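Take a look at the structure below.
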Amino acid sequence: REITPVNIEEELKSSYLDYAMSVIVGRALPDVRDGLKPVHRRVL
DNA sequence: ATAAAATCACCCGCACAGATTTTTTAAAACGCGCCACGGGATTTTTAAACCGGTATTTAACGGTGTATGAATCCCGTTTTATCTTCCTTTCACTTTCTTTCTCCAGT
């Protein structure tokens, strides 16, 4: 209800995995077909 | 190299609150002087003590029915004891400027 217990390990793992996957797949690595990051493609 | 979140100076007019800065004014002070007042030595008069006596006026005493003084419990007020601090100060160190001493190539 208003208060629900949660273990710290699960929260840490979920949040860090989400952040790491988002950063790896959508911010820093280029594509092999056109060699562009998402920001470059959006600007163009 | 991509993301998340932040910070400061000045220009132009106008109205007002607060902080210096002259300017004026009333109190305190100084010097000189004179006459109002108090001391000293006589006259005069009256306030209060003393004898009466009488005629009131007060205070001590015995019942009822309260209003308040000491005790307890709190909370804002002011004192006092107790921490940190920025400018003064020198001072050994470092840095930076000024003069001097050679080198030294050229003729």
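Throughout, protein chains are lettered first and strands after them, A, B, ... in sequence-line order, and every chain is numbered starting at 1.
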Least distance between heavy atoms, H40(A) atom then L36(A) atom: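 Shortest heavy-atom contact: CB-CD2, 4.0 Å.
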
Distance-minimising heavy-atom pair for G35(A) and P30(A):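 Shortest heavy-atom separation between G35(A) and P30(A) comes out as C-CB, 4.2 Å.
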
Rounded distance in Å - [atom1] ([X]) to [atom2] ([N]):
| X | N | atom1 | atom2 | answer |
| --- | --- | --- | --- | --- |
| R42(A) | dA3(B) | CZ | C1' | 13 Å |
| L36(A) | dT2(B) | CG | P | 12 Å |
| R27(A) | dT2(B) | CZ | P | 11 Å |
| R41(A) | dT2(B) | CZ | P | 14 Å |
| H40(A) | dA1(B) | NE2 | P | 11 Å |

Does the sign of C1'-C2'-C3'-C4' make the [N] sugar north or south?
| N | value |
| --- | --- |
| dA6(B) | north |
| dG33(B) | south |
| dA28(B) | south |
| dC37(B) | south |
| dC61(B) | south |

Short N-O contact, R41(A) and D34(A), less than 4.0 angstrom: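 So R41(A) pairs with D34(A) through a salt bridge.
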
Hydrophobic cluster membership, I24(A) vs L17(A), 4.5 Å side-chain cutoff: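 No, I24(A) and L17(A) fall in different hydrophobic clusters.
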
